[PDB]
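Q: output the structure for:
(3 chains)
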Amino acid sequence: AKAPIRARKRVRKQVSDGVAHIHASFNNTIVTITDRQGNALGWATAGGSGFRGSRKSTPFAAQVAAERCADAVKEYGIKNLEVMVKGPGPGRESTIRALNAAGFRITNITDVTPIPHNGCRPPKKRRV
Amino acid sequence: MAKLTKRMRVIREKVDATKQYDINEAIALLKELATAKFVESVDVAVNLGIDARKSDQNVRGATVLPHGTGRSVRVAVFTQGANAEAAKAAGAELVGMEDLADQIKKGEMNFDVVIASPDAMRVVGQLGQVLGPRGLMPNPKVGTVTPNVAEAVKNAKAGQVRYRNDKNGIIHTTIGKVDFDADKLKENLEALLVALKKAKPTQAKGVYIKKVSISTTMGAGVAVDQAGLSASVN
RNA sequence: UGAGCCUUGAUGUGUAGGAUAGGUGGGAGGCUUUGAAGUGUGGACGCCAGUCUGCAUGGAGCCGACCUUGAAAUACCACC
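A: Numbering: from 1, shown residues only, chains lettered A, B, ... in the order given. There you are, the coordinates:
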């Protein structure tokens, strides 16, 4: 039951608006909220949701990673979001849907996914 | 309390200046700064630089002023077995047990002083520590707790005034009415002063009196340079 | 940039209580724009927007020895 507690009044940075960054790889998704001038207000993951195996790199484990970070930043006092997408991995749309279920307008889905001018050689993987 | 209001403001306007003053010119200034239809009472705040810890490093007890206040000092008698006519002839208003044990439990006492027996103290007054400003519960340290009740009642009504510590070294004591002449007031002041020095601990021989200021009731106060040794204005 | 010391100035927002419980002497009340109270303005300040408070205006209130509730009881002047 209820206790006689003092009123809450605290401030952290009260940014009201942000950018989000989504790094999609082949084994996981990393999902990260920042201020628009560029400072991390929290992150979550799909690997920390504990699906493991192939199931760890799916649109649904990626979605629930997005809803985990988006919950935590209300305390920073963010109220609006915009999103940056960076990768070919799963959660193309499902990651977006979970920030939009956090109560944000997500009008700007700016793919910034870096296409190196043919970068560094990826791992061979299996020896056949 | 000393709440800042309109009725206080007028008093703060009519004064000529605030400074630490000579005791005789403070008393003659302070008498202009009464404002009331009631005749105000006059007392002194003396701040002592002592620890004020329980009793041993405190100054606590009472003295008889040579001249009494122009008030009666509203006396009750809290006891388990006395003759009512004999205490009343000494000056008491009410003698009993039950009515005074009710008041001090209730948390309002109609009397300004209760002279208490050790036997009265024992049930109600011996444990009480946080007794408020109407000063209902007994203390031994004050010396109001005596089996010789009728002597302390007659001496309370004639001119006995108290001195105590709070949680601090600060001594409040009654000096007279604004009715009174300057000398007669100095004479009461100086009687208190020998009493705070007689009670002073063996360790309190450095700086003792830190600050003096003298006060009237509804009117203001005037801060004091020192108390001095004279029972005459001149 | 902490803390102490010290001048003045103030809150204890609770649970019962109108509402406002730092230790306690004086002490039976104060009538400059009724001591008020009140949106508003600055400061103290909560166990929580409410107590004290500078003030154009506002004359509607505090509250005890005695409205009343209580284990500390409250005006108003001091000490802070």
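
Q: for the most centrally placed residue in chain B, which residues make a bridge with it?
A: In chain B, the C-alpha nearest the mean C-alpha coordinate belongs to residue B:173, at 3.7 Å (C-alpha atoms, centre = their mean). Per DSSP bridges, the residues bridged to residue B:173 are residue B:44.

Q: in contact with it, which residues?
A: If you count contacts by C-beta atoms under 8 Å, 6 or more residues apart in numbering or on different chains, residue B:173 has them with B:43-44, B:46, B:161-163, B:192. For the C-beta atoms, the positions are set from N, CA and C on the backbone; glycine is no exception.

Q: tell me which of the residues you listed fall in helices.
A: Counted as lying in helices by DSSP state H, out of these, are residue B:192.

Q: and the contacts of residue B:173 as a markdown table, adding neighbour count and distance to residue A:102?
A: Shown next, in a markdown table, are those (neighbours: other C-beta atoms under 10 Å in any protein chain shown; distance: C-beta to C-beta, whole Å):
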| residue | neighbour count | distance to residue A:102 |
| --- | --- | --- |
| B:43 | 18 | 68 |
| B:44 | 22 | 69 |
| B:46 | 23 | 68 |
| B:161 | 23 | 74 |
| B:162 | 19 | 70 |
| B:163 | 19 | 70 |
| B:192 | 21 | 74 |
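
Q: make CSV out of the contacts of residue B:173 and add distance to RNA strand C.
A: Shown next, in CSV, are the contacts of residue B:173 (distance: C-beta to the nearest atom of the strand, whole Å):
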residue, distance to RNA strand C
B:43, 4
B:44, 8
B:46, 9
B:161, 7
B:162, 6
B:163, 8
B:192, 11
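
Q: export the contacts of residue B:173 to TSV and tack on distance to residue B:15?
A: Putting the contacts of residue B:173 into TSV (distance: C-beta to C-beta, whole Å) gives the following:
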residue	distance to residue B:15
B:43	19
B:44	18
B:46	22
B:161	27
B:162	30
B:163	28
B:192	25
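
Q: list the contacts of residue B:73.
A: Residues in contact with residue B:73 (C-beta under 8 Å, 6+ apart) are B:112-113, B:156-157, B:159-160.

Q: measure stretch A:18-34 end to end?
A: End-to-end distance for stretch A:18-34, by C-alpha to C-alpha, to the nearest Å: 6 Å.

Q: then stretch B:218-234?
A: Counting by C-alpha to C-alpha, you get 28 Å between the two ends of stretch B:218-234.

Q: surely residue A:68 meets residue A:49?
A: Yes. With contact defined as C-beta atoms under 8 Å, residue A:68 and residue A:49 form a contacting pair (7.4 Å).

Q: residue nearest the centroid of chain A?
A: Nearest to the mean C-alpha position of chain A, by C-alpha atoms, centre = their mean, lies residue A:31 at 2.3 Å.

Q: assign a three-state SS to that one, would you?
A: Here residue A:31 is recorded as strand under DSSP: H, G, I helix; E, B strand; the rest coil.

Q: tell me the spacing between residue A:93 and residue A:59.
A: Using C-beta to C-beta, to the nearest Å, one gets 7 Å for the distance from residue A:93 to residue A:59.

Q: compare the two (neighbour count), which wins?
A: Per other C-beta atoms under 10 Å in any protein chain shown, whichever of residue A:93 and residue A:59 has more neighbours is residue A:59, with 18 against 13.

Q: could you find the closest non-adjacent residue to that one?
A: Excluding the flanking residues, the one nearest residue A:59 by C-beta to C-beta, 6 or more residues apart in numbering or on different chains is residue A:94, at 3.4 Å.

Q: show me the contacts for that neighbour.
A: A:59-60, A:62-63, A:66.

Q: what is the nearest of those residues to RNA strand C?
A: Nearest to RNA strand C among these: residue A:66, at 34.5 Å, using C-beta to the nearest atom of the strand.

Q: now name the helix or strand holding the closest one.
A: Per DSSP states H and E: residue A:66 is located in helix A:59-72.

Q: buried residues, that helix. List them.
A: For helix A:59-72, the neighbour count (16 or more other C-beta atoms under 10 Å in any protein chain shown) marks A:59, A:61-70 as buried.

Q: ditto for stretch B:84-94
A: Applying a neighbour-count criterion of 16+ other C-beta under 10 Å, the buried positions in stretch B:84-94 are B:87-88, B:90-92, B:94.

Q: which one of these is nearest residue B:128?
A: Within the buried residues of stretch B:84-94, proximity to residue B:128 (C-beta to C-beta) peaks at residue B:94, which comes in at 20.4 Å.

Q: the closest one touches residue B:78, doesn't it?
A: No. Using C-beta under 8 Å, residue B:94 is not in contact with residue B:78, being 9.4 Å away.

Q: which residues do those two both contact?
A: Common contact partners of residue B:94 and residue B:78 (C-beta under 8 Å, 6+ apart): residue B:100.

Q: where do the strands sit along chain A?
A: A:18-24, A:29-35, A:40-45, A:82-86, A:109-111 (DSSP state E).

Q: tally of neighbours for residue 48?
A: I'll assume chain A. For residue A:48, the neighbour count with other C-beta under 10 Å is 12.

Q: my bad, chain B
A: Around residue B:48 there are 22 residues (other C-beta under 10 Å).

Q: can you tell me who it pairs with across the strands?
A: Residue B:48 has these beta-bridge partners by DSSP bridges: residue B:209.
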